[PDB]
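Novice: structure of the sequence below:
(chains A and B)
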Amino acid sequence: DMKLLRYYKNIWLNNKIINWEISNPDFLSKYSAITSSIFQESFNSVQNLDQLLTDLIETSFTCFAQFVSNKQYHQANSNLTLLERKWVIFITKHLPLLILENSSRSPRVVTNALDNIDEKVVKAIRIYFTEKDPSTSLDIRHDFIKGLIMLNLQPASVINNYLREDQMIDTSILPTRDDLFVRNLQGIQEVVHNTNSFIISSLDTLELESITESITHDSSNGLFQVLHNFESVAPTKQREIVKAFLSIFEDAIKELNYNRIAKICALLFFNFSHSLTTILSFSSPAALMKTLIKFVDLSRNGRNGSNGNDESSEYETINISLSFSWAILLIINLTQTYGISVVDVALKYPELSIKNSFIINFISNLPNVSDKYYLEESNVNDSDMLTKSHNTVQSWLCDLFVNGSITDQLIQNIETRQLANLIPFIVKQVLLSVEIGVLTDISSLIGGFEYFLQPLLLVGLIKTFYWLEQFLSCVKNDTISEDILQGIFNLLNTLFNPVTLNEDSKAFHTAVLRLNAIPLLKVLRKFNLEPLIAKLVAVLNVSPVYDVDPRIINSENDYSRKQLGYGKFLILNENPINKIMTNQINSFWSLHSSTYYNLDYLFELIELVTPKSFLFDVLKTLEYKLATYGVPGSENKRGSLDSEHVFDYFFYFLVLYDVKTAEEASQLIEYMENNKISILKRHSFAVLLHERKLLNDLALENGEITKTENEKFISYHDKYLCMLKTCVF
Amino acid sequence: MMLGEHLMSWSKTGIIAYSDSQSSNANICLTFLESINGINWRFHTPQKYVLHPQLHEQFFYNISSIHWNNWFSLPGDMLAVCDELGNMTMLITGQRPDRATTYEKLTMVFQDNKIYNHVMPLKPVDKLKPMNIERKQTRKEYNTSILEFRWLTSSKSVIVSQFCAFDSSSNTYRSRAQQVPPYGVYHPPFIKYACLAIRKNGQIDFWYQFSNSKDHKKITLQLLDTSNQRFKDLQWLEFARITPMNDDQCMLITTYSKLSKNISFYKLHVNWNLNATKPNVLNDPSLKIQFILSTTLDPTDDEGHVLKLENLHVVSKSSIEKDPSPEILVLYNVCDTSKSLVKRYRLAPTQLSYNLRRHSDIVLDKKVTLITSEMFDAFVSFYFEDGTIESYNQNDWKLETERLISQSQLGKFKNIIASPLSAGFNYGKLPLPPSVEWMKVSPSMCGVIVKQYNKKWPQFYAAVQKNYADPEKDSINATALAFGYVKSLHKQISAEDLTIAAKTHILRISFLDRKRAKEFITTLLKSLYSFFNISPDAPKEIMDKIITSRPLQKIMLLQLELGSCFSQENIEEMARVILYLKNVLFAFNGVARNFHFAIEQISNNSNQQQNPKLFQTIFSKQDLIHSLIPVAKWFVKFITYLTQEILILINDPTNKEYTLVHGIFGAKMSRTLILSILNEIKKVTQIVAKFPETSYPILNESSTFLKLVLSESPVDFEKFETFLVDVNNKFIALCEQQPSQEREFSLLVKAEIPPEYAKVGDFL
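Specialist: Numbering: from 1, shown residues only, chains lettered A, B, ... in the order given. Right below this line is the structure:
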């Protein structure tokens, strides 16, 4: 009963932390109703607020303990750290606020909560830190108490209670006020009394050149200092800062202010000191996606009311081009590393035109470019546009490779969407021609590729880098002479190492090289070679990269006698898929091993084996273990109630992998009782169970299946519904 | 869940080897079709066997896939089965270490775990003693789990037919056969055989055996030839379909790795002879691999409905078709909608002034649960949920069962028919896939095999036609079934499935009008001769070629089964006597050639009489002639039956039940065939008289008895010899009197004389 409660609560917290639902004001209500939902019988106990906060404290600490103490059994390079940073952010940011506006400011309850923990967590944390590395080794408990001090929750005499008996902390040194302090140009810590005004004032005077070249922290801009010093922000103030961006960003879309839109996207993309992760950890990524995709979709109507007959048009067109081009880079970074799908948001919001959405089909075909150039895709049945489609290709090739200048007429007559596909087409044709031997002059091309770096033509580089590895992978296996190979690097180095960069293109060029750097580095090392890796490692070191082996980035001289793994999930012959899933069967059945409570290592494992084979190889294999060994935890093989709770562990886990939000549960109950519902959950178990339920019922009318077999299958189905309806999601 | 696409395999010789998952003592089963009482059919008794990795000297594992070597022009007897653990067990049938055996007895070649040679003849489980073997379930998908198995053909060429058209000028159907040169990868003659298997981890295997040795060799590689073993053991391929391409020694390993969520393409190259300058030094083939292309799948349709990849089946396309690029049929299902979309892609090189070009999209109204590609037929089968099957042709993706309705009749070639399915013979209400363990359309598409959970025996469903009351469609149907066998013989298929389907339609015809059904047989078998460019109205030179032809062993067998229900009818009797005369032909002339060579061996081997080899040679000379005596008794007993009917028919010429006597004499080659038998009989007796046995008088009994049985026959052979000779001359002058080609068919098959030639019947 207690074990059931703790398992259910740990999996519930893990799922809710993954699902970005911390910002939901229903967190405490669901956490309180967990106890009543788990026990079918009525449990009418008045749980006081201190009890709720204490339960949250030990639940979070034990969950983090298991999360960090299950990592040694993983592969040493099966690196997934998004959830680790997510735990850190939650425990250091939200729980202090949860106490702040949920607690009664009782110092005793905090002492009881942090004194009731086992020493196993402390021993494991210290052992792991020592193995990774006396040097200052602070734990997550110190950061928890420090945040409470800034909120006036506890006096400065409380931190000394939990400190080691030999080392104290000076009370005066610890910050005690929640006011923003920034180092000015003269070194005085200035008080930022107003947050929104500070952002807009700095944003207006912000320079796009100061993004990556300003390695030093002594920058005159206060806002840029905050990004590199993001780890020390006050607990309550960062919520205001995150909310400040949202209100400012939504207003910029309404007013069509192109200057501030492009600058904002540059800060968020690079993710200095884990800046972007905290943003999703406060606003829901769905709402952020909706406004962001509205701009990229509704921008079509904005080009029919502007006439290029003013000297500010070239300023505006560059401002328009960069505002649109940067907004694309924000989506790709979110989709690739942060695990968000563009298709899902269109289904949830009916106001988005799926069939007429250019963004949706662009991302899914990002690494692949069409061999033919089409001005419009929905009207391929017409030939009038195809006549001038070839005209555009020859017009741009002659002007950029022979004339050496870009006429203003070409830019005005073409849209950004055609440019996003025109640039990959031309570079592919030129690069392919060079490789075969059609093009033999390099020097004219080196200057030619310089024109792709202008602010007007910046959006054309997004698809250029993705195609490179597919181009390079064939090159790696194919036999290419060094004379051609050194030429390929010469043409490539022009895009990689420009001689000069404009004040609006230097940060953009680094940003695009950061999206698809990792697979490029692996292919390049398989072979003027060093500068490309030197440039690639330089742009990889500007900010941390998630789920990457740090040995790969700095493998210049380190030789640890262990082969590097470039992927999130890695498998060897010594530890094949059999051993891990046999250890999963030992955990799916007897809850052995230590790979559980790790949805990083399990969700990817499910996909690698597919939900069908994952469920098929465990459901029917359970009987063999059950028929011989028996139900663990009971010394008597009497009754099926003991085995009933064991089945609840397996079915409750599958529910969370299917249901992700609150209102979604109320609609899946109607799916079972019988269009838009199953669209979002193509790979869910619920679809697989329901599609077989209706199909075998059809055979029941025709009588090709025994009645006993049909009764067995529905037993699994009704159990899934029964827990779905009795538990609130 | 996906069905068992490779759980069962119909061997080209009729053996149905399928996986067994219910018996606790066996994992494989063998059976075949047999006739109950000449009319009905039943499957043979299941011959259960047990396969475990430790047959070389104990728990056995489940069977993953069964692949008969029926690909291309291979003999189709060497069965190699791969278990769930990844061990490839090769079983040879029809051969024993010491002698030759029938097709229902198995034998091992080698076992893989390292590979070693161990020849051992397997025995059935039921006959074997109770052994200590339990069904251990390998519920783990190992690195060595073979995804797709493919066989390698030899350098032999295969000749098949593509289609037939109705020649309205002659009001007859015409077919053209085109030779198919080998395409893809083929193993040289000096290698006994070769095979390829792709494992789920990406590791590849290449088993081969040298024709001059018994030891087996294995060469293994991995697809992802990276410098790190971290990614070597990561390629968990969901689908790995190997389609040979027209490129020399190349196989397109179309794989879909969910790790990178892209349909990656590969190319595999093999050099059979590394050192062509040293033919004597047989070097191991070298294996090479080269990455080519990778693409991402489309998320949505045109109208805004998302898609999920259900299956990735690429068709094995030869160079015959207009665009030889293989069709990558990525199936998608629109969720909560009965529609199912099948997007088609083709791989083509990138041209200057590779890539995947999208041709079109095809929408199907029902969800698909299984896809099986037909062999040597170019037919993709869509096993929908409701049991209906819609086979789309590879050429145009036009439905075969509805092609006639939508065919543009006007043109030079009309009524293009490729299979009996084009006529309209649609399968009935098949059992629902949830209850079905596995399905497989029969090779001729005439019926479907269904294995049921509660049925201990395989079922069978045939094709039915709703408009059986319309008499005008008999002309098309007979021609459609005529071409069904034409493809089967060229592919050396038994085509027992097609025989059952033809009889059921004939039976329904005979229930209403018995007269109509008889004409259906005559028209049906006539089209076979036209399709194969063999003419029973040709001059006598071609007639000798007909007797030695294999098809008469099968085309005559057709009426042996299609005419069984007709009691007291001579349609089957006429075919059997000619067929048995062929067996009678193999008796005398089969040994007349053998006996002739024994004459020369006597003279040249007369210089060593005391050697221990001549004594056995001498004994065998006079023993062989003894075994012919029982055959000669039936030979005399046969000619008396026809002579007896002569006396009976004279008194009552109006008896229709004794019309078989007319056809026997009417057959043109039979009169010559018996004359040839009488000729060699005279030659044998003359040779025996010229060269009698003198060393041992006791051995002369067999030679003397041969003379006695001929002289003591109740009817003199010389008088009977002139009987058939005179019939031939009279039946030739009648052809010049009036030209007719149906009389040749009538005297050979119908065993009757047309009413327009009633005067000819009185002469006999």
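
Novice: hey, let's count contacts and neighbours off CA atoms from now on
Specialist: Fine.

Novice: quick check: closest non-adjacent residue to residue A:291.
Specialist: Nearest non-adjacent residue to residue A:291, counting by C-alpha to C-alpha, 6 or more residues apart in numbering or on different chains: residue A:250, 7.2 Å away.

Novice: and for that neighbour, the neighbour number?
Specialist: Neighbours of residue A:250 under the rule other C-alpha atoms under 10 Å in any protein chain shown: 15.

Novice: all helices of the stretch 351-500 of chain B, in order?
Specialist: Listed in chain order, the helices of the stretch 351-500 of chain B (DSSP state H, counting those that start in this stretch) span B:403-406, B:474-490, B:496-512.

Novice: any idea how far residue B:668 is from residue B:727?
Specialist: Distance, residue B:727 to residue B:668, using C-alpha to C-alpha, to the nearest Å: 9 Å.

Novice: who has more neighbours out of these two?
Specialist: Between residue B:727 and residue B:668, counted using other C-alpha under 10 Å, the more crowded position is residue B:668 (21 against 15).

Novice: tell me how many other residues crowd the nearest residue to that one once chain neighbours are set aside.
Specialist: Among residues not flanking residue B:668 along the chain, residue B:728 sits closest, at 7.0 Å (C-alpha to C-alpha, 6+ apart). For residue B:728, the neighbour count with other C-alpha under 10 Å is 17.

Novice: what residues sit buried inside the helix or strand harbouring residue B:728?
Specialist: In this structure, residue B:728 sits in helix B:717-737 according to DSSP states H and E. For helix B:717-737, the neighbour count (16 or more other C-alpha atoms under 10 Å in any protein chain shown) marks B:724, B:728 as buried.

Novice: show me what that helix is in contact with.
Specialist: With C-alpha atoms under 8 Å, 6 or more residues apart in numbering or on different chains as the test, helix B:717-737 has contacts from B:665, B:668, B:671, B:675, B:678, B:710.

Novice: how about the residues you listed, which pair is most distant?
Specialist: B:668 and B:710 (24.8 Å; C-alpha to C-alpha).

Novice: helix/strand/coil for residue A:709?
Specialist: The assignment at residue A:709 comes out as helix when based on DSSP: H, G, I helix; E, B strand; the rest coil.

Novice: burial of it, as a residue count?
Specialist: Residue A:709, neighbours per other C-alpha under 10 Å, totals 11.

Novice: and it, how close does it get to residue A:699?
Specialist: 11 Å.

Novice: list residues touching both of these two?
Specialist: Between them, residue A:709 and residue A:699 share no contacting residue, judged by C-alpha under 8 Å, 6+ apart.

Novice: quick check on whichever residue of the stretch 151-300 of chain A sits closest to chain B: phi, psi?
Specialist: Going by C-alpha to the nearest C-alpha, chain B is nearest to residue A:297 of the stretch 151-300 of chain A, at 15.5 Å. With angles defined as degrees, to the nearest 10, residue A:297 sits at phi -100, psi -40.

Novice: let's have the contacts of helix B:717-737 in TSV, adding secondary structure and distance to residue B:367.
Specialist: Formatted as TSV, those follow (DSSP: H, G, I helix; E, B strand; the rest coil; distance: C-alpha to C-alpha, whole Å):
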residue	secondary structure	distance to residue B:367
B:665	helix	60
B:668	helix	57
B:671	helix	61
B:675	helix	65
B:678	helix	67
B:710	helix	73
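
Novice: can you put those in a markdown table and add distance to residue B:761?
Specialist: A markdown table is the format used below for these (distance: C-alpha to C-alpha, whole Å):
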| residue | distance to residue B:761 |
| --- | --- |
| B:665 | 12 |
| B:668 | 16 |
| B:671 | 18 |
| B:675 | 23 |
| B:678 | 27 |
| B:710 | 31 |
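
Novice: of all these, which comes closest to residue B:188?
Specialist: Nearest member of the contacts of helix B:717-737 to residue B:188, counting by C-alpha to C-alpha, is residue B:668, at 45.2 Å.

Novice: quick one: the nearest residue to residue B:477 once chain neighbours are set aside and residue B:399, what's the gap?
Specialist: In space, and not counting its chain neighbours, residue B:477 is closest to residue B:423: 6.4 Å by C-alpha to C-alpha, 6+ apart. Residue B:423 sits 12 Å away from residue B:399, going by C-alpha to C-alpha.

Novice: who has more neighbours, the two?
Specialist: Of the pair residue B:423 and residue B:399, residue B:423 is the one with more neighbours under other C-alpha under 10 Å, namely 23 against 15.
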